[PDB]
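Q: First the structure, then my questions, so here it is.
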Amino acid sequence: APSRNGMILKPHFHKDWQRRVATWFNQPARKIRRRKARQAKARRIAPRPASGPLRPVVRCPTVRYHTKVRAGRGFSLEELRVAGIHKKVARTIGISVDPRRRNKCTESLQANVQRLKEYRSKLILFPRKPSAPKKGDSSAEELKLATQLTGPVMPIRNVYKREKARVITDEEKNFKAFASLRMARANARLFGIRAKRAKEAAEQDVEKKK
Amino acid sequence: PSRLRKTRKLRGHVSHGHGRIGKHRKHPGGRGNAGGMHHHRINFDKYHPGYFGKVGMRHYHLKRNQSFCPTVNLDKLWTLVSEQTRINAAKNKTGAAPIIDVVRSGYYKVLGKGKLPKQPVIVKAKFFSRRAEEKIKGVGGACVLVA
RNA sequence: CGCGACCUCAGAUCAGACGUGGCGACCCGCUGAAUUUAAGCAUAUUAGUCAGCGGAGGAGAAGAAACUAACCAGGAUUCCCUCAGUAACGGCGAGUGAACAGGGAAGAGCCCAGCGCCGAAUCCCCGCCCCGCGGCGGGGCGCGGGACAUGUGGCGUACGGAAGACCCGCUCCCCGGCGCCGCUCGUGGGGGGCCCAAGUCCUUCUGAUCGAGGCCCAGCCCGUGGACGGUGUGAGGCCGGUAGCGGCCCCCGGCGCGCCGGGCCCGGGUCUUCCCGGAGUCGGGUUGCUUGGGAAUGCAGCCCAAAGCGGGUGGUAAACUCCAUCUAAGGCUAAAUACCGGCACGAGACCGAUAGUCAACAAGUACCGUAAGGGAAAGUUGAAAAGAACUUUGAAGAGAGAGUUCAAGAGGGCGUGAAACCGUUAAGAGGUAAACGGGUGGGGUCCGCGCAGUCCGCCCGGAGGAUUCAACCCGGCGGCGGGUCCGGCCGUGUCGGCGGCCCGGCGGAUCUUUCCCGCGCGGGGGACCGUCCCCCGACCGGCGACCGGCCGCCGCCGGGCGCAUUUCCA
RNA sequence: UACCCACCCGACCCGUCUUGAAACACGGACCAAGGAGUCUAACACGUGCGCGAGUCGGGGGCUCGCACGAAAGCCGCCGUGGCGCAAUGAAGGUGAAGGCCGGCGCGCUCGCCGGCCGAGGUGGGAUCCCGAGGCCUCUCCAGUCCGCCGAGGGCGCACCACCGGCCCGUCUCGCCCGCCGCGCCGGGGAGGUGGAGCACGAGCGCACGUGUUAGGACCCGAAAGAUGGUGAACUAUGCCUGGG
RNA sequence: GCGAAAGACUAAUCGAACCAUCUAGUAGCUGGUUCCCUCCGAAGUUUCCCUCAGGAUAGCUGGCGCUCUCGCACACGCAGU
RNA sequence: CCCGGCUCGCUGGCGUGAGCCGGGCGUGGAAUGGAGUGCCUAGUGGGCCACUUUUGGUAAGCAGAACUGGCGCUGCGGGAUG
RNA sequence: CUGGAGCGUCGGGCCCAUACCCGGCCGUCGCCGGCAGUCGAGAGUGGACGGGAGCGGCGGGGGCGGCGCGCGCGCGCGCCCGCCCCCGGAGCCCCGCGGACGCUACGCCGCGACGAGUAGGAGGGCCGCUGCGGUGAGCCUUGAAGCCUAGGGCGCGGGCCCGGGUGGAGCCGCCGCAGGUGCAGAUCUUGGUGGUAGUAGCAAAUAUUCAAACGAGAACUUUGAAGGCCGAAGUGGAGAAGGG
RNA sequence: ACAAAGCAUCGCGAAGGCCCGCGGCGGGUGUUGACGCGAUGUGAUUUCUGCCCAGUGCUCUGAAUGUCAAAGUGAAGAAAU
RNA sequence: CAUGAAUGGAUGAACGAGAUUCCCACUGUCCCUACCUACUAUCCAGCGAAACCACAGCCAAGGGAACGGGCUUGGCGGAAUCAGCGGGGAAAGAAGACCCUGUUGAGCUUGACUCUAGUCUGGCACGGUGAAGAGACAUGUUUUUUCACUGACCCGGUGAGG
RNA sequence: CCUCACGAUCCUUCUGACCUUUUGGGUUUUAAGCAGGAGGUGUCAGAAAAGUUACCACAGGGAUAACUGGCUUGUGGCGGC
RNA sequence: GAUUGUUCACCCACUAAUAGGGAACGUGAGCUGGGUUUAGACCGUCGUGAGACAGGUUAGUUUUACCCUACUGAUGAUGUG
Ligand SMILES: [Mg+2]
Ligand SMILES: [Mg+2]
Ligand SMILES: [Mg+2]
Ligand SMILES: [Mg+2]
Ligand SMILES: [Mg+2]
Ligand SMILES: [Mg+2]
Ligand SMILES: [Mg+2]
Ligand SMILES: [Mg+2]
Ligand SMILES: [Mg+2]
Ligand SMILES: [Mg+2]
Ligand SMILES: [Mg+2]
Ligand SMILES: [Mg+2]
Ligand SMILES: [Mg+2]
Ligand SMILES: [Mg+2]
Ligand SMILES: [Mg+2]
Ligand SMILES: [Mg+2]
Ligand SMILES: [Mg+2]
Ligand SMILES: [Mg+2]
Ligand SMILES: [Mg+2]
Ligand SMILES: [Mg+2]
Ligand SMILES: [Mg+2]
Ligand SMILES: [Mg+2]
Ligand SMILES: [Mg+2]
Ligand SMILES: [Mg+2]
Ligand SMILES: [Mg+2]
Ligand SMILES: [Mg+2]
Ligand SMILES: [Mg+2]
Ligand SMILES: [Mg+2]
Ligand SMILES: [Mg+2]
Ligand SMILES: [Mg+2]
Ligand SMILES: [Mg+2]
Ligand SMILES: [Mg+2]
Ligand SMILES: [Mg+2]
Ligand SMILES: [Mg+2]
Ligand SMILES: [Mg+2]
Ligand SMILES: [Mg+2]
Ligand SMILES: [Mg+2]
Ligand SMILES: [Mg+2]
Ligand SMILES: [Mg+2]
Ligand SMILES: [Mg+2]
Ligand SMILES: [Mg+2]
Ligand SMILES: [Mg+2]
Ligand SMILES: [Mg+2]
Ligand SMILES: [Mg+2]
Ligand SMILES: [Mg+2]
Ligand SMILES: [Mg+2]
Ligand SMILES: [Mg+2]
Ligand SMILES: [Mg+2]
Ligand SMILES: [Mg+2]
Ligand SMILES: [Mg+2]
Ligand SMILES: [Mg+2]
Ligand SMILES: [Mg+2]
Ligand SMILES: [Mg+2]
Ligand SMILES: [Mg+2]
Ligand SMILES: [Mg+2]
Ligand SMILES: [Mg+2]
Ligand SMILES: [Mg+2]
Ligand SMILES: [Mg+2]
Ligand SMILES: [Mg+2]
Ligand SMILES: [Mg+2]
Ligand SMILES: [Mg+2]
Ligand SMILES: [Mg+2]
Ligand SMILES: [Mg+2]
Ligand SMILES: [Mg+2]
Ligand SMILES: [Mg+2]
């Protein structure tokens, strides 16, 4: 029975909620179950990035998240035979491998290849055995570190470049940006019909000749 | 708390604030918003005008990210930038007109509300208003489009 | 009319295995209501919920795109925040009601069939020996079987692969044992066993204290221990315990070196030659349930029933048309995730015996019902039974004495022992049922008194008696306030130092890549501004923020003052 | 004052529904203990507090075996995100500024170029500011200090009333357009009208109250409906086998 | 189900058994609804409703305020006149 | 109220009219009293009686209106009782 | 009740409500109320300071008067000249130099007005119940909770404090927080107990009596004797099912 | 009241009549066959059983030019149609 | 009003714990009551309940919710009880079974609304082989009508025996 | 001539704009919008709806009958001028 | 007294007369149960039907006093040494 200017209030309690209510008194104890695992895993793989393998630089899909950059699922295959890392080997040197990424641009390719060239350089490969062969970094840069990287390895920071002040020319001061936008929004609108008149006006030149 | 509740002060009061003529029976009106057409019409029609009935056009599977477009007014443009880049202007004697990337501060559109300081600018955005064009132009400055 | 292969198919108490049932909180298939809501009701809603049924596990299911998207694009699944009570559904009403992106927890990927290549390169069970045997295996040897050509094993599976040619670079892991070395985070992994500080010190209560004062610093001692429980009250010290990278003894777990037995000739990049995908499925028609999915989301039954630059998807049917994006019809998979059952624990602003579970007890018991099922009531003597010997009356139950007890005015359903109600004793009343409100009076039980209650407290005057001072100075101590802001310390506003500025930093889409380091970007320096710190000088708020001197006053102590003073008493 | 008794006056038994209850209306022998407006979510307004065009809070994370801890603290997480900072249209979409002055297009209530001011005006407006004149002061006059009263005059918050103005939708009517294209292209004007709009802001979070709902929902109360089950030991028949 | 038929009988139950659950089913309808003091104080009327034992909206009520006025020798405003 | 002056795309032989700006002037019948305005909001939505007016009815402690007043919501003195 | 205690028309006098008047107390509302250290009762200014001077003054309305006059200006003393001085003291009815006992500043105080109430709202509750964070150098075996009291009192009241008694182990005051928080009632639930009442009742099938025994105790057991009934379609002698 | 003997209609030759069942190529009648089974009505005997096929039923080798769907076929379209 | 033919009409011996009427016989049914018996009740020893109960219990009249026990005014009132008694407590027993309301139900009905099992009919599928022949359209297709067959399928029998 | 002669949501249809959407582009159909009319709710602020119960049930109602009692007294009876 | 469930009615007969009424339309824990007014049945009418009928007809449980009062009897009671 409504009274005098409320809202309409469709609240969803008609079904049966009392039975399937999930209370969260685990919440602070779950914070601790995870914390031990997070620690017990880091102590189990001692020299290794605690955060996990290295993930690639990647852009977010929809136009509202255009300009951000994420940590992706794994480095793509096309990326890898540029840096020269075999696809099955990278899975064993802390490089997430995603065999499912269609690369469409060279911009995001090189930007993402750089992290793999960068990874190599600051990577210390404990050799297979104590007395072991090539590509295992020397004992000098083996004693120097036992450091797990707390936090993500080389965190992807959304970073921008400053554009200094300009001298605006008398060409940028002539652009009617509100005008051309309406133009472009009209050309994408009517391009399809305008070509059907050209297809018809091209038939009238062949229909007039016959 | 239960301590400051009118249910305390209603002890020894027989009807308990609900009147002894018409008692507090369970559900006299209906249950929920029930009877908008019938017998509750005076409410729905005089307080919620336009509740009942269809209107407009269906657009099934709408997604907000398609049509995402925040807005700035020229009222607060020099707020997006650190105010010292404004003080390192109206000065400098060169027509510096620092660049304001409205995209970087999270706005895909610049609308023309409010006064604008007499100062040259370059405003990079996605979609402009017409009056926001004229306010920047007439102050001396450019409107630069970004994809 | 015989014998022999194979294909079908029987029988065995044949050799060896395995399945059923139980539990059921969480989980997975299916089945599936009606109360209810809509103020009626049939659609809807309740609700893919209850019940029914099947099946599991320590988690299950899901899972490596026939995906999302339209972007400069993302990349298995599951969970949390979010999207959002939104797009959509709906007698568009009641009501219902997702996803995508983004952030995060976690993060792991993989196999077949086919097409092919390889002398079936394979697997099973027997029989002898070698090791191993309380999760039955490895090693060898056998014309010992059998499966398999209607197809086992190695490479290989779409991310491409194989095969070749040549380009480059050089080769340890796996398993069965046999040992041995470091006991390996709650700060020695799991479990068990046994162990580790300090008062029963003085006095005093008391039935007994663990209480009250006291005891070389809140008393003595210990304190990495002061949680809790026990103990005849209220205890860190009496007892168990507690703390403690405390000790010791077994067992188990798990990881690390050696020996042995076996398995294994396993790479990486380039050019060419071929090689390819799962059918009664997809898809369409239709009917039924389902979603929110709409000219049909998902699922089905029936009918039709494919293709190979094909097929699906691209959220309004359709044609044409371009683009994008995956690869279905086969399979495996840890982690975050769930747990009102079970084992074992820990805790509480919870209940405290009509509460809290039905159940603090011989409780799912007594008891009811033919049965399905229903289902209670009921905790407390004392500290110790020290639970009443004995004498006596009585057939005996019960008494009277006695005794035990701190208490039997704690006596075996015994702490406390309320009210209703009843018994008797005392007092007062009593023909309009009682009871009641106002007003007094009479009587009582006590209570305050008085064996005058004359209540006190100043000041003063008088008469008695007694000790030392006040007043005054002098010595010392300690304050107060005051100003000269006097001398110094302190901070507010301002100015100067551009002095901290690099011996002050932090912040900033300020500026320079003249720089430096690392790979146009990142990091670091250098320039800039805003802000915060040092030197000194000046003005001013001179501020409870002080210190030293000077002063004025007060007070206390100690001296001096002996009595027309100054106090005490009556 | 409370125990008993006495008297004079008053005086019908409470709860309840009810126009009306002492009622020949119903519940009530008596006494103990139990016993009824709760929690959650969602709004709304009021109020308190923090911060303020921002402000969080969750989930995560970083810090413990918790004793007190399943606390407290901290995190470009602090903004991914919500709410707010902007509306309006069914939608494609657009989107909050005007004034003034000078100059130039014929000032044409039209179009363009340089400068100034910037949220318009009217009426009330708490109200601050300025204040003529007074009012004394022991003398006549002189005169600076201090206030009281203060006619009259000014700025004028908040708010209210009104007139203007701008944004969007729609209409009407009419003009000039710009030209990366060609105008079944886009762009401007004047007048009216629809809007939950702007017209130098007020929100966010956290508490508490009141109210309304959805919840079993202040407590107790149906006749029913549904799903699974257990009964022919009574009785209703049929059958089988015995007895009278 | 069974009925030589009465809606009879089906374990003291029959115009439709008993048991447990869905279930605290729904109720515009009865019944109850627990301490004091202080201040304010109603309605039974309006329109609409498958409305007539109920609601919705009007009123009437309270609470919270705010905007001012000036008994501070120096008041406009309102009114069951 | 009374003057002065501006504005108009309406109205018209001119003027109307309205709108603005600028000045010039105070207690306009009696009696009473501080007024204005915004938020939330409970209960109620069976009513009954009397003077007067009045509709059905023969009449009613009947049915139904008006106007005010009560009773409900409220005791006290009076009407013996109510 | 009858030249009235009757009916008309009239006198005086008297009687009484919670109404009205005066007074007392309690609360509520109002006072732009007073009081955080100050003069001042139709208040109708106060103070520098200079020049000049003095019995001058401000020679204005039967107004009856308000704004100006007769407790002083200047004055006594120091001696025409000086002063006209300081509260660490004027001695105080105004004291502006320092402020109550009073001043828990949500405290205290002075004026007025007013106080019916269901349904309902609001406020205040040193009203009460249980529990937590604080705090009370709280209380307690020299006696806590509870219970009982013709014991002394406080509050308008919710309730509270004391006195005694029994009881045998714990408990409350204040500042905050939290509730399953207050009972007369629901044919309320559970338990207990009355009045009814020593009442209804112990009446279906004809029947008992004497003596003895045993025994504390005999109408009721046992034995003997007598009278009787069931009367073999049994109250007799054996079985089924059921009971155990 | 029911039952009842009796009288009477009615369906049915077994891939049948009536009937059960959730389902089977399942069951009852049926260890049956029209003197049988199933479905009704009246109610011994005696004496009778009259008119009405318009209505509603039931039924009929009955015309189905009335209508009438799924598929099916036909046509237009580019295809849903 | 409003009988009547198997919704059976008319009759009718025997029969009936079936419904009426009359007569004979009989009688305490009655005029009109009386006495007798047994068991009670009654009193006693023993043993001992329950329904019910606001408070309770003498009347007239008045008013009043329009029939009081209580209230107003009168009348009056004397402890504690026993056997009876049925005037009163609108006595107890049962939230009236009648009636009306409810947007509460059930049982049954049908020409209510909406559906359903079942059954009738068509289509499609399993569904084949061979034979003739015909129409319609077209200048092969379709519709197919009819008669055969036996391998699916179906029923029948037996100890699957010619 | 004035005071009555009429109808929401949803749905359907018709009409209007070289309208908008038809969703990865483009062209056509088709569908969805926008703005006006119509198809109708007579219970007319707008449910899609027949009975019976003497076998009955529940919640209630003296708000609503069938007794008594009151008020009234037409009618009935009795009596006057 | 005859008839009638009857109140009411009508007659026979007697008489002095066969007046009229109230007391919850006196009087069911006083009776009876004939009539109404459950469930069984039967007809007529009505209804397609379940069923309806102030239209008839037959069969159909009539509880409790011991309480207070009243009343009837029965003991007593304070007073009168
Ligand atoms: Mg991570
Ligand atoms: Mg009240
Ligand atoms: Mg009530
Ligand atoms: Mg199993
Ligand atoms: Mg409903
Ligand atoms: Mg309802
Ligand atoms: Mg219903
Ligand atoms: Mg439904
Ligand atoms: Mg569902
Ligand atoms: Mg289930
Ligand atoms: Mg799995
Ligand atoms: Mg799987
Ligand atoms: Mg995903
Ligand atoms: Mg939101
Ligand atoms: Mg749903
Ligand atoms: Mg192979
Ligand atoms: Mg020890
Ligand atoms: Mg201890
Ligand atoms: Mg202890
Ligand atoms: Mg499929
Ligand atoms: Mg559905
Ligand atoms: Mg489409
Ligand atoms: Mg797969
Ligand atoms: Mg107990
Ligand atoms: Mg207890
Ligand atoms: Mg219990
Ligand atoms: Mg006990
Ligand atoms: Mg006890
Ligand atoms: Mg004792
Ligand atoms: Mg004791
Ligand atoms: Mg005891
Ligand atoms: Mg006595
Ligand atoms: Mg009434
Ligand atoms: Mg009465
Ligand atoms: Mg009642
Ligand atoms: Mg139903
Ligand atoms: Mg009522
Ligand atoms: Mg009402
Ligand atoms: Mg009052
Ligand atoms: Mg206690
Ligand atoms: Mg004890
Ligand atoms: Mg509690
Ligand atoms: Mg209680
Ligand atoms: Mg005999
Ligand atoms: Mg025997
Ligand atoms: Mg017949
Ligand atoms: Mg005939
Ligand atoms: Mg016919
Ligand atoms: Mg007797
Ligand atoms: Mg009676
Ligand atoms: Mg109704
Ligand atoms: Mg029904
Ligand atoms: Mg029909
Ligand atoms: Mg397409
Ligand atoms: Mg009947
Ligand atoms: Mg019947
Ligand atoms: Mg009535
Ligand atoms: Mg009557
Ligand atoms: Mg009678
Ligand atoms: Mg009687
Ligand atoms: Mg009777
Ligand atoms: Mg009878
Ligand atoms: Mg009958
Ligand atoms: Mg007949
Ligand atoms: Mg008929």
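Chain labels follow the order of the structure tokens: the first chain is A, the next B, and so on; residue numbering restarts at 1 in every chain, and ligands are counted from 1 in their shown order.
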Just want the 12 Å neighbourhood of stretch 10-13 of chain I, counted on only C-alpha atoms (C1' of nucleotides), with same-chain residues fewer than 5 positions away dropped. Output as an NGL selection string.
A: (:H and (44-49)) or (:I and (4-5))
Q: Enumerate as JSON, numbers by chain the residues belonging to chain F that approach chain B to within 10 Å, with only C-alpha atoms (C1' of nucleotides) taken into account.
A: {"F": [42, 43, 44]}
Q: Could you please take those selected residues and save N, CA, C and O atoms (P, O5', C5', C4', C3', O3' and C1' of nucleotides) as a PDB file, in the first residue's frame?
A:
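Result saved to out.pdb:
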```
ATOM      1  P     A F  42       1.436   8.125   7.929  1.00  0.00           P
ATOM      2  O5'   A F  42       0.776   7.298   9.122  1.00  0.00           O
ATOM      3  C5'   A F  42       1.607   6.730  10.126  1.00  0.00           C
ATOM      4  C4'   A F  42       1.072   6.974  11.514  1.00  0.00           C
ATOM      5  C3'   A F  42      -0.385   6.608  11.759  1.00  0.00           C
ATOM      6  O3'   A F  42      -0.553   5.221  12.019  1.00  0.00           O
ATOM      7  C1'   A F  42       0.058   8.745  12.649  1.00  0.00           C
ATOM      8  P     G F  43      -1.812   4.401  11.431  1.00  0.00           P
ATOM      9  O5'   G F  43      -3.087   5.039  12.139  1.00  0.00           O
ATOM     10  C5'   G F  43      -3.348   4.811  13.510  1.00  0.00           C
ATOM     11  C4'   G F  43      -4.382   5.769  14.030  1.00  0.00           C
ATOM     12  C3'   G F  43      -5.739   5.705  13.353  1.00  0.00           C
ATOM     13  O3'   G F  43      -6.546   4.653  13.847  1.00  0.00           O
ATOM     14  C1'   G F  43      -5.054   7.944  13.497  1.00  0.00           C
ATOM     15  P     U F  44      -7.520   3.849  12.860  1.00  0.00           P
ATOM     16  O5'   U F  44      -8.494   4.968  12.301  1.00  0.00           O
ATOM     17  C5'   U F  44      -9.388   5.629  13.174  1.00  0.00           C
ATOM     18  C4'   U F  44     -10.092   6.759  12.483  1.00  0.00           C
ATOM     19  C3'   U F  44     -10.923   6.383  11.276  1.00  0.00           C
ATOM     20  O3'   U F  44     -12.163   5.810  11.621  1.00  0.00           O
ATOM     21  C1'   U F  44      -9.683   8.335  10.815  1.00  0.00           C
TER      22        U F  44
END
```
Q: Quick one: everything within 10 Å of residue D:120, counting only C-alpha atoms (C1' of nucleotides), minus sequence neighbours fewer than 6 positions away in the same chain. Send it as a list in words.
A: residues 98, 99, 164, 165 and 199 of chain D
Q: Please dump the current selection as a PDB file, in the first residue's frame; keep C-alpha atoms (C1' of nucleotides).
A:
```pdb
ATOM      1  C1'   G D  98      24.989  36.353 -22.508  1.00  0.00           C
ATOM      2  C1'   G D  99      25.724  41.527 -22.383  1.00  0.00           C
ATOM      3  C1'   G D 164      14.297  38.507 -19.521  1.00  0.00           C
ATOM      4  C1'   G D 165      18.270  34.844 -21.563  1.00  0.00           C
ATOM      5  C1'   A D 199      21.327  30.727 -15.058  1.00  0.00           C
TER       6        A D 199
END
```
Q: Ligand 61: which residues are within 8 Å, counting only C-alpha atoms (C1' of nucleotides) and all ligand atoms? Reply as a ChimeraX atom specification.
A: /K:28-29,62-63
Q: Take the residues that were just selected and, keeping C-alpha atoms (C1' of nucleotides), output them as a PDB file, in the first residue's frame.
A:
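As written to disk, selection-v2.pdb reads:
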```pdb
ATOM      1  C1'   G K  28     -39.010 -28.545  27.269  1.00  0.00           C
ATOM      2  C1'   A K  29     -32.497 -29.350  33.489  1.00  0.00           C
ATOM      3  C1'   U K  62     -35.639 -34.062  23.626  1.00  0.00           C
ATOM      4  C1'   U K  63     -28.914 -34.106  28.026  1.00  0.00           C
TER       5        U K  63
END
```
Q: Ligand 45: which residues are within 10 Å, counting only C-alpha atoms (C1' of nucleotides) and all ligand atoms, as a list in words?
A: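 Selection of residues at most 10 Å from ligand 45: residues 236, 237 and 238 of chain G.
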Q: Report as a VMD selection string the set of chain A residues whose atoms approach chain E to within 12 Å, with distances computed over only C-alpha atoms (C1' of nucleotides).
A: chain A and resid 1 to 4
Q: Excluding same-chain residues fewer than 2 positions from residue J:16, what lies within 10 Å of it counting only C-alpha atoms (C1' of nucleotides), as a PDB file with N, CA and C atoms (P, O5', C5', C4', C3', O3' and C1' of nucleotides), in the first residue's frame?
A:
```pdb
ATOM      1  P     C J  19      12.903   9.208 -45.366  1.00  0.00           P
ATOM      2  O5'   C J  19      13.592  10.175 -44.287  1.00  0.00           O
ATOM      3  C5'   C J  19      12.979  11.390 -43.858  1.00  0.00           C
ATOM      4  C4'   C J  19      12.928  11.514 -42.359  1.00  0.00           C
ATOM      5  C3'   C J  19      13.692  10.458 -41.563  1.00  0.00           C
ATOM      6  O3'   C J  19      15.080  10.764 -41.403  1.00  0.00           O
ATOM      7  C1'   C J  19      11.484  10.625 -40.737  1.00  0.00           C
ATOM      8  P     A J  35       4.692  10.095 -29.942  1.00  0.00           P
ATOM      9  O5'   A J  35       3.803  10.971 -30.941  1.00  0.00           O
ATOM     10  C5'   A J  35       4.267  12.234 -31.408  1.00  0.00           C
ATOM     11  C4'   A J  35       3.476  12.737 -32.595  1.00  0.00           C
ATOM     12  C3'   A J  35       1.970  12.534 -32.554  1.00  0.00           C
ATOM     13  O3'   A J  35       1.291  13.474 -31.741  1.00  0.00           O
ATOM     14  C1'   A J  35       2.771  11.854 -34.647  1.00  0.00           C
ATOM     15  P     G J  36      -0.078  13.047 -31.005  1.00  0.00           P
ATOM     16  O5'   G J  36      -1.218  13.783 -31.849  1.00  0.00           O
ATOM     17  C5'   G J  36      -2.458  13.140 -32.095  1.00  0.00           C
ATOM     18  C4'   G J  36      -2.798  13.134 -33.564  1.00  0.00           C
ATOM     19  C3'   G J  36      -4.103  12.454 -33.924  1.00  0.00           C
ATOM     20  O3'   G J  36      -5.240  13.255 -33.666  1.00  0.00           O
ATOM     21  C1'   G J  36      -2.423  11.693 -35.377  1.00  0.00           C
TER      22        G J  36
END
```
Q: Name all residues at most 12 Å from residue E:75 (count only C-alpha atoms (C1' of nucleotides); drop same-chain ones fewer than 2 positions away) and give them as a PyMOL selection string.
A: (chain E and resi 69-71+77) or (chain F and resi 27+34-35)
Q: Output as a PyMOL selection string the set of chain A residues within 10 Å of chain J, with distances taken over only C-alpha atoms (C1' of nucleotides).
A: chain A and resi 188+190-193+195-196
Q: What residues of the protein or nucleic acid chains come within 12 Å of ligand 19 when you use only C-alpha atoms (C1' of nucleotides) and all ligand atoms? Reply as a list in words.
A: residues 209, 210, 228, 229, 230, 231, 233, 234, 235, 238 and 239 of chain C
Q: Around ligand 63, out to 8 Å and counting only C-alpha atoms (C1' of nucleotides) and all ligand atoms, which residues are there? I want them as number ranges by chain.
A: J: 54; K: 38-41
Q: Using only C-alpha atoms (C1' of nucleotides) and all ligand atoms, find each protein or nucleic acid residue lying at most 9 Å from ligand 9; present the set as an MDAnalysis selection string.
A: chainID C and resid 47:49 290
Q: Please, what distance in Å, to one decimal, runs between atom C1' of residue J:66 and atom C1' of residue K:37?
A: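 Result for atom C1' of residue J:66 versus atom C1' of residue K:37: 11.7 Å, one decimal.
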Q: Residues at most 10 Å from residue I:63, counting only C-alpha atoms (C1' of nucleotides), excluding those fewer than 3 positions away in the same chain, as a list in words?
A: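 Once the adjacent positions are removed, what remains is residues 81 and 82 of chain F; 71 and 72 of chain I.
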Q: Store the residues picked out above in a file with C-alpha atoms (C1' of nucleotides), as a PDB file, in the first residue's frame.
A:
```
ATOM      1  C1'   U F  81     -32.235   7.939  38.514  1.00  0.00           C
ATOM      2  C1'   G F  82     -29.953   8.642  33.568  1.00  0.00           C
TER       3        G F  82
ATOM      4  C1'   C I  71     -27.240   1.831  40.391  1.00  0.00           C
ATOM      5  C1'   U I  72     -31.873   5.923  42.220  1.00  0.00           C
TER       6        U I  72
END
```
Q: To check your reading of the model: which residues sit at most 10 Å from ligand 2 when counting only C-alpha atoms (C1' of nucleotides) and all ligand atoms? Write the answer as an NGL selection string.
A: (:B and (10 or 12-17 or 19)) or (:G and (117-121))
Q: Can you tell me which residues sit at most 9 Å away from ligand 33, counting only C-alpha atoms (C1' of nucleotides) and all ligand atoms, written as a PyMOL selection string?
A: (chain D and resi 18-20) or (chain I and resi 65) or (chain J and resi 62-63)
Q: Could you pull out the residues sitting within 9 Å of ligand 32, using only C-alpha atoms (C1' of nucleotides) and all ligand atoms, and write them as a ChimeraX atom specification?
A: /C:426-428
Q: For ligand 39, list the contacting residues at 8 Å or closer, counting only C-alpha atoms (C1' of nucleotides) and all ligand atoms, as a VMD selection string.
A: (chain E and resid 38 to 39) or (chain G and resid 115 to 117)
